[PDB]
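Below is one structure, written out as structure tokens; comments come after it.
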Amino acid sequence: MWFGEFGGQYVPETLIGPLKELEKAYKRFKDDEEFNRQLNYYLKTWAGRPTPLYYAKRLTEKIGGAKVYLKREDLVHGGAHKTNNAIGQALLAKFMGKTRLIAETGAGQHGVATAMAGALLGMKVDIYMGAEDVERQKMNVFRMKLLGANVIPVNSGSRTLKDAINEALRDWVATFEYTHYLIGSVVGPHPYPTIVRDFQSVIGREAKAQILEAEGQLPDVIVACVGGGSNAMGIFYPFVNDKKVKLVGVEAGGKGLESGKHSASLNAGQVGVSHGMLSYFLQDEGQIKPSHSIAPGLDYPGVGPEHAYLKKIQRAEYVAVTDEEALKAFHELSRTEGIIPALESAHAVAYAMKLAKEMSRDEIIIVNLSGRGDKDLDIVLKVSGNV
Amino acid sequence: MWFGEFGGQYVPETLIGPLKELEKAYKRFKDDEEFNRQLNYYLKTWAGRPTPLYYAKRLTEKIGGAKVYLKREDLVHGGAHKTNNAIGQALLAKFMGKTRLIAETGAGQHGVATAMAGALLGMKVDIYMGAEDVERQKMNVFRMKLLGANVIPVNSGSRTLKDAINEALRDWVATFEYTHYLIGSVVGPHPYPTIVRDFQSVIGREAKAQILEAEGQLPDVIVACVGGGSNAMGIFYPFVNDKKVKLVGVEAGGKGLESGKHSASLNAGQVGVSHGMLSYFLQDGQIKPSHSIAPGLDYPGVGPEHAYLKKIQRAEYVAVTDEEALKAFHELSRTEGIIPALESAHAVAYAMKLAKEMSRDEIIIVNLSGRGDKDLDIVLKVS
Ligand SMILES: N[C@@H](Cc1c[nH]c2ccccc12)C(=O)O
Ligand SMILES: N[C@@H](Cc1c[nH]c2ccccc12)C(=O)O
Ligand code: NA
Ligand code: NA
């Protein structure tokens, strides 16, 4: 339940029963031969795993530093790493005899992934989404509707991601017997941070095998963007015991760390409790304060407790990249490698480019390209302008 | 050169020189050890081949007849099969010493694939696109520019795909010494129909191996959508010599075959010469306009190798309306969690009707040629 001082089950007593049932089911099914057969089958044939590890040769040469590989989570079904978690939890839900899935979403990407997994497995899907995010993400709302999911606008509180999570928790207490609450990052009360990390760790396991095959050795650095932290945990976790491999999580620097408009919880937040977990949050008064990022998936005031832990024990380092830096990396990757990255993933690219220039040419960097940029074209069109 | 009577190389003297140079280069490089090491490496690490073969279990059980499998070309980098052709030809261009790629596009999808491949190999990319299509494909135009390509609006003639092809050809005769013309389907003069089919046949070879692993046998029917015909040939070509395997191409029925608003060249068109080849074209007489809700299927002509297959009766060709493809778009999204391209939805729509007639022991493979992210704006307006 804890990662050092972070994690826990900071929830009302009505949630402890449901969380214990989930913890017991997961402990049984995680190593069950039939569950993993079906999971791997769906990941292979429906999601398209494994994804490749791609040597960004032009980008490497242009910077003239370390070798930059991209783990291509942009190629999984739906365009983001979120699918790995959505399938895992939706299948777990089916094996527990649940008929309905609920989920929070802010950017809409998790909402879409949950709706896809729900469609696949013949399950009912309701997505809680803050009204401000509904307005901002008209196309993802439409994807969810096409996929057969029902989107429920959340009008309470700040009308955004944190409020959707709380409304989803309120639903789950009343409906847990037939409903699984499908959380979209390594956040929330135990066992969710563990379950989501476990279902994303396939990224790192593939990456480790692919890099040893491609280069005969472990990478020097692994770089991943961090919103809540699931894609980073997925690629990090199989290298945690490899002491030589530096892990770098990249948070949303927004308009700048001193601008007050960012989502860098580990960098500038404080220890706090929200959504069932003890972790780092941006807060003023005790009030969990609004976050910002040009990348909608990084727009969350908190962070997963396992990242707080890895930062505390200094196993991983955490940095911030601004909106402008990510936007330059989005354009740069597109025209240098013909890969349009997600704006979230562009933060990790942006940092990797700075980091490669310093490092030696014999050394190796893996960047987790967590998603594709199709979803972000409207945004980039507005902000970068038509060209 | 030819496929039965169809195909050929009916171009002026200014095109004979570059086309012959391309045939020699293609002969040289198609089986070269170094060329294939680079191609398979790019298809694996950058494009993400192989793509899976998916058993659509809920769709199959719902319909209650044949097992429907989907060849998941929607998962290739870029979201459509065209990437296969774009990499192969762009690589060929690099091996021939070319620094520039030109290409036609109407839907924008070949334009994006060529832009991506050009970015990948460090080549200049100019995309010829009709002004009517430039106006209807804002986001694909943005994608191309984002990928470092330039988009040259074509204002001659009907301001769409056929005219853009013509302008690229006029460019290529002037610039062939350093430019490769990257054609986007199995059309145009020899050797383009052969080259494009060869670069897409990876689809069919994977699908064959995959269905043998899953089911222990070849499929009873393969169903693919047909615009120019590159995704259909890709999946058809490895099964041509397997006599038991039925091949079904699905053209755009549009507003209806009786309506005059469709792109079913094989079904309702006449034989003629255009863009240096003998094939089927919709005719008024002269070549007339085409229409489909799926922009990728919106072309009045069709590949000569499909004309050949239709004649020998090796492959059967059918049409599916806008309405029918739309219903299949929604059905596959809701039932399987896969949002198909509207082009691909034509293939799904026909495979669904066909599955109903067939038995539960029998197998259909549908080429799911692309994903539907690009079509959401169009589907939103109709919805
Ligand atoms: N906001 C993103 C990612 C996300 C989902 N759930 C979260 C919980 C915490 C942090 C981030 C997330 C999305 O909905 O796609
Ligand atoms: N119109 C589609 C497909 C296409 C490209 N070139 C073609 C030539 C003939 C027929 C169709 C095509 C596109 O541009 O993406
Ligand atoms: Na955060
Ligand atoms: Na046609």
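Ligands are numbered from 1 in the order shown, chains are lettered A, B, ... in the order of the structure tokens, and residues start at 1 in each chain.
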Which residues, written as an mmCIF file with N, CA and C atoms, in the first residue's frame, have at least one atom at most 6 Å from stretch 326-341 of chain A, with only C-alpha atoms counted and residues fewer than 5 positions away on the same chain left out?
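Produced file part20.cif, reproduced below:
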data_model
loop_
_atom_site.group_PDB
_atom_site.id
_atom_site.type_symbol
_atom_site.label_atom_id
_atom_site.label_comp_id
_atom_site.auth_asym_id
_atom_site.auth_seq_id
_atom_site.Cartn_x
_atom_site.Cartn_y
_atom_site.Cartn_z
ATOM 1 N N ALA A 346 6.016 14.985 -26.421
ATOM 2 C CA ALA A 346 6.925 16.041 -26.866
ATOM 3 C C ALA A 346 7.740 16.680 -25.740
ATOM 4 N N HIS A 347 7.220 16.647 -24.512
ATOM 5 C CA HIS A 347 7.978 17.102 -23.335
ATOM 6 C C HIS A 347 9.197 16.228 -23.091
ATOM 7 N N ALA A 350 11.633 16.895 -25.906
ATOM 8 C CA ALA A 350 12.285 18.178 -25.666
ATOM 9 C C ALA A 350 13.421 18.077 -24.663
ATOM 10 N N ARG A 372 0.702 9.461 -30.029
ATOM 11 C CA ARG A 372 0.771 10.188 -31.307
ATOM 12 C C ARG A 372 0.040 11.526 -31.232
ATOM 13 N N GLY A 373 0.397 12.422 -32.153
ATOM 14 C CA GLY A 373 -0.066 13.810 -32.152
ATOM 15 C C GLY A 373 -1.291 14.147 -32.977
ATOM 16 N N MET B 116 5.783 11.894 -44.607
ATOM 17 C CA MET B 116 6.407 11.142 -43.505
ATOM 18 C C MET B 116 7.670 10.404 -43.949
ATOM 19 N N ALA B 119 10.401 12.888 -44.811
ATOM 20 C CA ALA B 119 10.999 13.322 -43.557
ATOM 21 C C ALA B 119 11.959 12.248 -43.050
ATOM 22 N N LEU B 120 11.494 11.000 -43.000
ATOM 23 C CA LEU B 120 12.314 9.873 -42.529
ATOM 24 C C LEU B 120 13.652 9.731 -43.245
ATOM 25 N N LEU B 147 4.913 18.012 -41.285
ATOM 26 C CA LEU B 147 5.950 17.039 -41.666
ATOM 27 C C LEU B 147 7.077 17.581 -42.566
ATOM 28 N N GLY B 148 7.065 18.878 -42.884
ATOM 29 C CA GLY B 148 8.135 19.515 -43.645
ATOM 30 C C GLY B 148 7.923 19.565 -45.152
#
Near-stretch 99-112 of chain B list (6 Å; only C-alpha atoms; drop same-chain fewer than 2 positions) as a list in words |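 Non-adjacent residues within range: residues 114, 115, 123, 124, 125, 126, 127, 128, 129, 133, 140, 144, 161, 164, 165, 178, 179, 180, 181, 182, 183, 184, 295 and 296 of chain B.
Around stretch 154-169 of chain A, within 7 Å and counting only C-alpha atoms, the residues found are residues 102, 103, 104, 105, 106, 128, 129, 130, 131, 132, 133, 172, 173 and 275 of chain A, once anything fewer than 3 positions away on its own chain is removed.
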The selected residues should be written to file as a short mmCIF file (atom, residue, chain, number, x, y, z; two decimals), in the first residue's frame (atoms: N, CA, C and O atoms).
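Done, and the output landed in selection_14.cif:
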data_model
loop_
_atom_site.label_atom_id
_atom_site.label_comp_id
_atom_site.auth_asym_id
_atom_site.auth_seq_id
_atom_site.Cartn_x
_atom_site.Cartn_y
_atom_site.Cartn_z
N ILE A 102 -16.58 2.29 -15.19
CA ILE A 102 -16.56 3.75 -15.12
C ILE A 102 -15.12 4.25 -15.12
O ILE A 102 -14.20 3.53 -14.73
N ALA A 103 -14.94 5.49 -15.56
CA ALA A 103 -13.62 6.10 -15.57
C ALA A 103 -13.70 7.61 -15.56
O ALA A 103 -14.68 8.20 -16.02
N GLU A 104 -12.66 8.22 -15.02
CA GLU A 104 -12.44 9.65 -15.14
C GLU A 104 -11.71 9.91 -16.44
O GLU A 104 -10.97 9.06 -16.92
N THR A 105 -11.88 11.11 -16.98
CA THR A 105 -10.97 11.59 -18.00
C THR A 105 -10.95 13.11 -18.01
O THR A 105 -11.95 13.74 -17.71
N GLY A 106 -9.80 13.66 -18.35
CA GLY A 106 -9.60 15.11 -18.48
C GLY A 106 -9.31 15.45 -19.93
O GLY A 106 -10.09 16.15 -20.57
N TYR A 128 -16.90 9.81 -16.57
CA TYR A 128 -17.06 11.08 -15.87
C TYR A 128 -16.01 12.05 -16.38
O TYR A 128 -14.82 11.72 -16.44
N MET A 129 -16.46 13.24 -16.77
CA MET A 129 -15.60 14.22 -17.40
C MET A 129 -16.03 15.62 -16.97
O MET A 129 -17.18 16.00 -17.15
N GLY A 130 -15.11 16.37 -16.39
CA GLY A 130 -15.39 17.74 -15.98
C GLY A 130 -15.87 18.58 -17.14
O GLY A 130 -15.30 18.53 -18.23
N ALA A 131 -16.92 19.37 -16.90
CA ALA A 131 -17.55 20.20 -17.92
C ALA A 131 -16.58 21.09 -18.70
O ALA A 131 -16.76 21.28 -19.89
N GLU A 132 -15.55 21.62 -18.04
CA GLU A 132 -14.54 22.42 -18.74
C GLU A 132 -13.76 21.59 -19.76
O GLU A 132 -13.42 22.07 -20.84
N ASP A 133 -13.49 20.33 -19.40
CA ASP A 133 -12.77 19.41 -20.28
C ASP A 133 -13.65 18.92 -21.43
O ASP A 133 -13.17 18.76 -22.55
N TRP A 172 -18.80 4.70 -7.72
CA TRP A 172 -18.27 3.36 -7.45
C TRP A 172 -18.69 2.80 -6.10
O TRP A 172 -18.99 1.62 -6.00
N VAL A 173 -18.75 3.64 -5.06
CA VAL A 173 -19.24 3.19 -3.74
C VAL A 173 -20.63 2.56 -3.83
O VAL A 173 -20.87 1.52 -3.23
N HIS A 275 -7.61 12.37 -3.50
CA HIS A 275 -8.01 11.21 -4.30
C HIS A 275 -7.54 9.87 -3.74
O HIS A 275 -7.27 8.94 -4.51
#
List as a tab-separated table every residue of chain A that is in contact with chain B, defined as an atom at most 9 Å from one of its atoms (using only C-alpha atoms), together with the nearest atom pair and the distance in Å rounded to one decimal, sorted by chain and then rising number.
residue	atom	partner	partner_atom	distance
A:42	CA	B:54	CA	8.8
A:44	CA	B:52	CA	7.0
A:45	CA	B:54	CA	5.1
A:46	CA	B:54	CA	5.9
A:47	CA	B:75	CA	8.4
A:48	CA	B:52	CA	6.0
A:49	CA	B:52	CA	8.6
A:50	CA	B:48	CA	8.9
A:51	CA	B:48	CA	6.6
A:52	CA	B:45	CA	5.1
A:53	CA	B:45	CA	6.0
A:54	CA	B:45	CA	4.9
A:55	CA	B:45	CA	7.7
A:58	CA	B:120	CA	7.8
A:72	CA	B:46	CA	8.3
A:74	CA	B:77	CA	8.5
A:75	CA	B:77	CA	6.4
A:76	CA	B:75	CA	7.1
A:77	CA	B:75	CA	6.4
A:78	CA	B:338	CA	8.4
A:79	CA	B:75	CA	8.9
A:113	CA	B:337	CA	8.9
A:115	CA	B:337	CA	7.3
A:116	CA	B:337	CA	4.2
A:117	CA	B:337	CA	6.4
A:118	CA	B:337	CA	7.5
A:119	CA	B:337	CA	4.9
A:120	CA	B:336	CA	4.6
A:121	CA	B:336	CA	8.0
A:122	CA	B:335	CA	7.5
A:139	CA	B:376	CA	7.7
A:142	CA	B:380	CA	7.7
A:143	CA	B:376	CA	7.9
A:145	CA	B:334	CA	8.8
A:146	CA	B:333	CA	6.1
A:147	CA	B:334	CA	4.7
A:148	CA	B:334	CA	5.0
A:149	CA	B:334	CA	8.5
A:331	CA	B:146	CA	6.4
A:332	CA	B:147	CA	8.9
A:333	CA	B:147	CA	8.6
A:334	CA	B:147	CA	5.0
A:335	CA	B:147	CA	4.5
A:336	CA	B:119	CA	5.6
A:337	CA	B:120	CA	4.7
A:338	CA	B:116	CA	4.2
A:339	CA	B:116	CA	7.0
A:340	CA	B:147	CA	7.7
A:374	CA	B:373	CA	7.8
A:375	CA	B:373	CA	8.4
A:377	CA	B:139	CA	7.5
A:378	CA	B:139	CA	8.1
A:381	CA	B:142	CA	7.7
A:386	CA	B:142	CA	7.4
A:387	CA	B:145	CA	6.9
Can you tell me which residues come within 8 Å of ligand 3 when counting only C-alpha atoms and all ligand atoms, ideally as a short mmCIF file (atom, residue, chain, number, x, y, z; two decimals) with N, CA, C and O atoms, in the first residue's frame?
data_model
loop_
_atom_site.label_atom_id
_atom_site.label_comp_id
_atom_site.auth_asym_id
_atom_site.auth_seq_id
_atom_site.Cartn_x
_atom_site.Cartn_y
_atom_site.Cartn_z
N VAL A 226 5.68 12.87 -17.47
CA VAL A 226 4.92 12.52 -16.27
C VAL A 226 3.74 13.46 -16.11
O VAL A 226 3.92 14.67 -15.95
N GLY A 227 2.53 12.92 -16.20
CA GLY A 227 1.32 13.61 -15.79
C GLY A 227 0.99 13.08 -14.42
O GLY A 227 1.45 13.62 -13.41
N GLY A 228 0.20 12.01 -14.39
CA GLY A 228 0.02 11.19 -13.20
C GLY A 228 1.17 10.20 -13.01
O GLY A 228 1.50 9.85 -11.87
N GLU A 251 8.04 16.64 -16.26
CA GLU A 251 6.75 17.23 -15.89
C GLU A 251 6.45 18.44 -16.76
O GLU A 251 7.33 18.99 -17.40
N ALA A 252 5.18 18.84 -16.77
CA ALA A 252 4.73 20.01 -17.53
C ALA A 252 5.16 21.28 -16.82
O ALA A 252 4.66 21.60 -15.73
N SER A 263 2.10 22.10 -14.25
CA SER A 263 1.61 20.91 -13.54
C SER A 263 2.74 20.08 -12.91
O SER A 263 2.61 18.86 -12.72
N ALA A 264 3.84 20.76 -12.59
CA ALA A 264 5.04 20.14 -12.05
C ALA A 264 4.93 19.94 -10.53
O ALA A 264 5.54 20.66 -9.75
N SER A 265 4.16 18.92 -10.15
CA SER A 265 3.89 18.57 -8.75
C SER A 265 5.13 18.16 -7.95
O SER A 265 5.31 18.58 -6.81
N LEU A 266 5.97 17.30 -8.54
CA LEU A 266 7.22 16.88 -7.91
C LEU A 266 8.22 18.04 -7.79
O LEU A 266 8.94 18.15 -6.78
N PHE A 281 1.28 17.38 -4.43
CA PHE A 281 0.21 18.13 -5.08
C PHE A 281 0.59 19.60 -5.14
O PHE A 281 1.32 20.09 -4.29
N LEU A 282 0.09 20.28 -6.17
CA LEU A 282 0.16 21.73 -6.22
C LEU A 282 -1.02 22.24 -5.40
O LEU A 282 -2.17 21.88 -5.65
N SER A 291 -4.03 23.32 -12.19
CA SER A 291 -2.81 23.12 -12.96
C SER A 291 -3.05 23.59 -14.39
O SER A 291 -4.16 23.94 -14.77
N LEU A 298 -0.99 16.00 -19.39
CA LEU A 298 -0.11 16.38 -18.29
C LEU A 298 -0.77 17.38 -17.33
O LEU A 298 -0.15 17.79 -16.35
N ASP A 299 -2.03 17.75 -17.60
CA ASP A 299 -2.73 18.78 -16.85
C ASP A 299 -3.46 18.15 -15.66
O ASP A 299 -4.65 17.87 -15.71
N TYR A 300 -2.69 17.90 -14.60
CA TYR A 300 -3.20 17.34 -13.34
C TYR A 300 -2.33 17.89 -12.19
O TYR A 300 -1.10 17.82 -12.26
N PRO A 301 -2.96 18.45 -11.13
CA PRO A 301 -2.15 19.05 -10.06
C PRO A 301 -1.36 18.06 -9.18
O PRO A 301 -0.48 18.50 -8.42
N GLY A 302 -1.67 16.77 -9.26
CA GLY A 302 -0.97 15.75 -8.48
C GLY A 302 0.03 14.92 -9.27
O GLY A 302 0.35 15.23 -10.42
N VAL A 303 0.51 13.86 -8.64
CA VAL A 303 1.41 12.90 -9.27
C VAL A 303 1.33 11.59 -8.50
O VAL A 303 1.03 11.58 -7.29
#
Expected answer as a compact mmCIF listing (two decimals) with N, CA and C atoms, in the first residue's frame: alpha helix (DSSP H) residues in stretch 138-306 of chain A:
# COMPACT_ATOMS: atom_id res chain seq x y z
N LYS A 138 -14.00 18.25 -27.63
CA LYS A 138 -15.21 17.86 -28.35
C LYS A 138 -15.00 16.59 -29.16
N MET A 139 -13.83 16.44 -29.78
CA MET A 139 -13.54 15.26 -30.60
C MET A 139 -13.37 13.97 -29.81
N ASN A 140 -12.66 14.02 -28.68
CA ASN A 140 -12.57 12.85 -27.81
C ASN A 140 -13.92 12.44 -27.24
N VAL A 141 -14.76 13.41 -26.91
CA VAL A 141 -16.14 13.13 -26.46
C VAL A 141 -16.90 12.39 -27.58
N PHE A 142 -16.72 12.84 -28.82
CA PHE A 142 -17.32 12.18 -29.96
C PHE A 142 -16.79 10.76 -30.21
N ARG A 143 -15.47 10.57 -30.08
CA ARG A 143 -14.87 9.23 -30.12
C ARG A 143 -15.54 8.29 -29.12
N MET A 144 -15.67 8.75 -27.88
CA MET A 144 -16.30 7.97 -26.80
C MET A 144 -17.73 7.57 -27.13
N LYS A 145 -18.49 8.53 -27.65
CA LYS A 145 -19.87 8.29 -28.10
C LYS A 145 -19.93 7.27 -29.26
N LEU A 146 -19.08 7.44 -30.27
CA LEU A 146 -18.94 6.46 -31.38
C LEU A 146 -18.62 5.07 -30.83
N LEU A 161 -10.65 17.57 -14.07
CA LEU A 161 -10.22 16.20 -13.81
C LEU A 161 -10.36 15.76 -12.34
N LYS A 162 -9.88 16.59 -11.42
CA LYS A 162 -9.97 16.27 -9.99
C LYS A 162 -11.42 16.06 -9.54
N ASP A 163 -12.34 16.84 -10.12
CA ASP A 163 -13.76 16.75 -9.77
C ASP A 163 -14.41 15.49 -10.37
N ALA A 164 -13.99 15.13 -11.59
CA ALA A 164 -14.42 13.89 -12.23
C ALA A 164 -14.02 12.65 -11.44
N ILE A 165 -12.79 12.65 -10.91
CA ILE A 165 -12.29 11.54 -10.08
C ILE A 165 -13.16 11.37 -8.84
N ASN A 166 -13.50 12.48 -8.19
CA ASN A 166 -14.32 12.45 -6.97
C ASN A 166 -15.73 11.97 -7.28
N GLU A 167 -16.29 12.41 -8.40
CA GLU A 167 -17.62 11.97 -8.81
C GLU A 167 -17.62 10.48 -9.21
N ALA A 168 -16.54 10.02 -9.84
CA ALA A 168 -16.37 8.60 -10.17
C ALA A 168 -16.27 7.72 -8.92
N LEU A 169 -15.53 8.19 -7.91
CA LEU A 169 -15.47 7.50 -6.61
C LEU A 169 -16.84 7.41 -5.92
N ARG A 170 -17.63 8.49 -5.97
CA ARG A 170 -19.01 8.50 -5.43
C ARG A 170 -19.95 7.52 -6.13
N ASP A 171 -19.75 7.32 -7.43
CA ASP A 171 -20.52 6.34 -8.20
C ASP A 171 -20.11 4.94 -7.76
N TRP A 172 -18.80 4.70 -7.72
CA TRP A 172 -18.27 3.36 -7.45
C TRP A 172 -18.69 2.80 -6.10
N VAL A 173 -18.75 3.64 -5.06
CA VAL A 173 -19.24 3.19 -3.74
C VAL A 173 -20.63 2.56 -3.83
N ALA A 174 -21.53 3.17 -4.60
CA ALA A 174 -22.90 2.68 -4.77
C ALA A 174 -23.03 1.52 -5.78
N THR A 175 -22.10 1.40 -6.73
CA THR A 175 -22.23 0.46 -7.85
C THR A 175 -21.12 -0.60 -7.99
N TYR A 192 -4.62 0.79 -6.77
CA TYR A 192 -4.60 1.36 -8.12
C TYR A 192 -3.20 1.76 -8.63
N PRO A 193 -2.39 2.48 -7.82
CA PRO A 193 -1.03 2.81 -8.28
C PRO A 193 -0.18 1.59 -8.69
N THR A 194 -0.35 0.49 -7.97
CA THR A 194 0.33 -0.77 -8.28
C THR A 194 -0.23 -1.45 -9.53
N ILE A 195 -1.55 -1.56 -9.62
CA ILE A 195 -2.22 -2.23 -10.73
C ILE A 195 -1.90 -1.55 -12.07
N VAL A 196 -1.98 -0.23 -12.11
CA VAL A 196 -1.72 0.52 -13.35
C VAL A 196 -0.24 0.41 -13.75
N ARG A 197 0.66 0.53 -12.78
CA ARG A 197 2.09 0.31 -13.03
C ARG A 197 2.35 -1.10 -13.58
N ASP A 198 1.74 -2.11 -12.97
CA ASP A 198 1.92 -3.49 -13.40
C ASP A 198 1.46 -3.68 -14.85
N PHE A 199 0.30 -3.13 -15.20
CA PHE A 199 -0.22 -3.22 -16.58
C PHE A 199 0.51 -2.36 -17.62
N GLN A 200 1.27 -1.36 -17.18
CA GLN A 200 2.10 -0.57 -18.09
C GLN A 200 3.55 -1.05 -18.20
N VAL A 202 4.90 -3.73 -19.19
CA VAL A 202 5.16 -4.31 -20.53
C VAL A 202 5.96 -3.38 -21.46
N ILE A 203 5.77 -2.07 -21.33
CA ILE A 203 6.53 -1.10 -22.13
C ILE A 203 8.02 -1.26 -21.86
N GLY A 204 8.39 -1.22 -20.59
CA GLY A 204 9.79 -1.36 -20.18
C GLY A 204 10.38 -2.73 -20.43
N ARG A 205 9.58 -3.78 -20.24
CA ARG A 205 10.02 -5.16 -20.50
C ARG A 205 10.36 -5.38 -21.99
N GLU A 206 9.49 -4.89 -22.87
CA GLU A 206 9.77 -4.86 -24.31
C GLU A 206 10.98 -4.00 -24.64
N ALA A 207 11.01 -2.79 -24.08
CA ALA A 207 12.11 -1.85 -24.30
C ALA A 207 13.47 -2.43 -23.90
N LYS A 208 13.52 -3.11 -22.77
CA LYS A 208 14.75 -3.73 -22.28
C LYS A 208 15.25 -4.82 -23.23
N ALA A 209 14.34 -5.68 -23.69
CA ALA A 209 14.68 -6.73 -24.64
C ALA A 209 15.11 -6.15 -25.99
N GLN A 210 14.37 -5.15 -26.48
CA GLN A 210 14.68 -4.52 -27.77
C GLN A 210 16.03 -3.79 -27.78
N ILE A 211 16.35 -3.07 -26.71
CA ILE A 211 17.63 -2.33 -26.65
C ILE A 211 18.85 -3.27 -26.51
N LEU A 212 18.74 -4.32 -25.69
CA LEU A 212 19.81 -5.33 -25.60
C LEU A 212 20.00 -6.04 -26.94
N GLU A 213 18.91 -6.26 -27.67
CA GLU A 213 18.97 -6.81 -29.02
C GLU A 213 19.59 -5.84 -30.03
N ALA A 214 19.17 -4.57 -29.98
CA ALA A 214 19.67 -3.54 -30.89
C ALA A 214 21.11 -3.08 -30.60
N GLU A 215 21.46 -2.92 -29.32
CA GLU A 215 22.75 -2.32 -28.92
C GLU A 215 23.63 -3.16 -27.98
N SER A 230 1.88 7.07 -15.30
CA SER A 230 1.76 5.67 -15.72
C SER A 230 2.70 5.24 -16.87
N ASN A 231 2.90 6.08 -17.88
CA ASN A 231 3.79 5.69 -19.00
C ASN A 231 5.24 5.67 -18.52
N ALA A 232 5.58 6.62 -17.64
CA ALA A 232 6.91 6.66 -17.03
C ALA A 232 7.14 5.45 -16.14
N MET A 233 6.16 5.09 -15.31
CA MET A 233 6.32 3.92 -14.46
C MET A 233 6.46 2.65 -15.28
N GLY A 234 5.62 2.52 -16.31
CA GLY A 234 5.69 1.39 -17.23
C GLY A 234 7.06 1.15 -17.83
N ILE A 235 7.68 2.21 -18.34
CA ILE A 235 9.01 2.08 -18.94
C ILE A 235 10.13 2.05 -17.88
N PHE A 236 9.95 2.76 -16.75
CA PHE A 236 10.94 2.77 -15.64
C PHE A 236 11.06 1.42 -14.93
N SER A 265 4.16 18.92 -10.15
CA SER A 265 3.89 18.57 -8.75
C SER A 265 5.13 18.16 -7.95
N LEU A 266 5.97 17.30 -8.54
CA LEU A 266 7.22 16.88 -7.91
C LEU A 266 8.22 18.04 -7.79
N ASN A 267 8.25 18.91 -8.79
CA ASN A 267 9.19 20.02 -8.82
C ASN A 267 8.82 21.17 -7.87
N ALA A 268 7.54 21.53 -7.83
CA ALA A 268 7.08 22.72 -7.09
C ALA A 268 5.86 22.52 -6.18
N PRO A 305 2.13 8.28 -6.35
CA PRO A 305 2.99 8.18 -5.16
C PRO A 305 4.32 7.46 -5.41
N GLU A 306 4.37 6.55 -6.38
CA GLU A 306 5.61 5.83 -6.66
C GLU A 306 6.69 6.75 -7.22
Would you return as a ChimeraX atom specification the members of stretch 168-383 of chain A that DSSP assigns to strand (DSSP E) on this structure's backbone?
-> /A:179-181,221-225,246-254,270-274,276-281,316-322,364-369
Could I get the residue neighbourhood of ligand 4 at 7 Å, counting only C-alpha atoms and all ligand atoms, as a PDB file with C-alpha atoms, in the first residue's frame?
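Saved file pocket.pdb follows:
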ATOM      1  CA  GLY B 227     -10.096   2.927 -54.832  1.00  0.00           C
ATOM      2  CA  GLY B 228      -7.047   2.815 -57.065  1.00  0.00           C
ATOM      3  CA  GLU B 251     -15.776  -0.162 -54.729  1.00  0.00           C
ATOM      4  CA  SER B 263     -16.486   5.673 -57.939  1.00  0.00           C
ATOM      5  CA  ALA B 264     -17.243   2.067 -59.017  1.00  0.00           C
ATOM      6  CA  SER B 265     -15.039   2.055 -62.123  1.00  0.00           C
ATOM      7  CA  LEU B 297     -12.114   5.869 -52.798  1.00  0.00           C
ATOM      8  CA  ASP B 298     -12.902   9.066 -54.768  1.00  0.00           C
ATOM      9  CA  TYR B 299     -11.192   8.435 -58.129  1.00  0.00           C
ATOM     10  CA  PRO B 300     -12.852   7.784 -61.531  1.00  0.00           C
ATOM     11  CA  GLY B 301     -10.251   5.136 -62.548  1.00  0.00           C
ATOM     12  CA  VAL B 302      -8.924   1.851 -61.177  1.00  0.00           C
TER      13      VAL B 302
END
Within 12 Å of residue A:19, counting only C-alpha atoms, which residues show up once you throw out same-chain ones fewer than 3 positions away? Write them as number ranges by chain, please.
-> A: 1, 8-16, 22-26, 169, 172-173, 176-177, 180-181, 188-192, 195, 276
Computed interatomic separation between atom 7 (C, counted along the ligand's line) of ligand 2 and atom CA of residue A:371 (Å) |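 Computed distance, atom 7 (C, counted along the ligand's line) of ligand 2 to atom CA of residue A:371, equals 28.7 Å.
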Residues near residue A:60, cut-off 10 Å, only C-alpha atoms, skip fewer than 6 positions along chain, as a list in words =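 Counting only C-alpha atoms, the residues come to residues 66, 67, 68, 69, 336, 353, 356, 357, 361 and 365 of chain A.
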Hey, which of B:351, B:86, B:368, B:312 ends up closest to residue B:232? Count only C-alpha atoms.
-> B:368
Long-range neighbours of residue A:219 as a ChimeraX atom specification, 7 Å cut-off, only C-alpha atoms, 5 positions minimum in chain = /A:245,364-366
